[PDB]
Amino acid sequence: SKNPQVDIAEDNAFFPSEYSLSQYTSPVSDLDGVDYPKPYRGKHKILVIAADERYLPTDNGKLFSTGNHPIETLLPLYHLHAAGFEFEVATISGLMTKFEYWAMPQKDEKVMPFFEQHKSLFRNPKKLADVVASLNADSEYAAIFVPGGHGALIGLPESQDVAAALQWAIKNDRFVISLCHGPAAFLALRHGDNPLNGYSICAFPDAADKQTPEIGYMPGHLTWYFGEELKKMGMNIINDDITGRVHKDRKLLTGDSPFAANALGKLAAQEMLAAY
């Protein structure tokens, strides 16, 4: 079935079709290379900038019931966690993180407990402007993580706060991690001062969510395409399709989809393990 599914909680909102839900999600994740015997004992923690809105408006007025992608959020954080790095969630507003539970790997003996044990952190997130105002060369963060999910497409791309946050990190030689539509957040720098210019990155292809609606993943088409906007902001998007590969470009680690979440996690842990 490729028909979008009603989300009774909102006026004209829809979840992904049964066909696509089984096409791109699973009751169990690919969590894999969690081998880290010499864990980081420092004090630096990953800063996770998440989405506080679940509904994204499409071309036909219907709302898309999205949010942050669990796999893209939890797999990386899982590896980074087991590697000794703790994480602190923040939202532009401070409202709770909005997840796409339809892509949550219920029935995963490792990912769910991990989630349950850090749920409060997403539920009672910090307001990004508070975090930003305390940012100094000594801020103990080590990296900013912007997880995927169409939710990242709302809010973050026009946030003066996500901008500052990012400029602070690249300025202070910190890592920046992201995947799926998360880089759409980098668009918050398009209005002058873009320390993320000539950086190569791999994200979700515009051509991908150009067609996904043809199978009901979305109740309609996107109002715009973040991919080409990044191209105009001077960033290089490696992939033109969905391949599940991840790329490293001097502290900038990224992936193109739920398919690259595990690899992006290993790449992150192993790379920061070395830096710290």
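Just count from 1 along the sequence shown to find any residue number.
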item: Residue stretch of maximal mean CA temperature factor, 34-42 vs 210-218; value: 34-42
item: 9-17 or 264-272, whichever carries the higher mean Cα B-factor; value: 264-272
item: Residue of maximum C-alpha B factor among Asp138, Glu86, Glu72, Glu100, per deposited coordinates; value: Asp138
item: Given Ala185, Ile201, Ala164, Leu121, the residue at which the Cα B factor reaches its maximum; value: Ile201
item: Chain-relative CA temperature factor third for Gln23; value: middle
item: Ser93 - Cα temperature factor, lowest/middle/highest third of chain; value: lowest
item: Entry-reported Cα temperature factor of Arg174, expressed as the chain third it lands in; value: highest
item: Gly244 - which third its CA temperature factor falls in, relative to the rest of the chain; value: highest
item: Chain-wide C-alpha B factor ranking for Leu77, given as lowest, middle or highest third; value: lowest
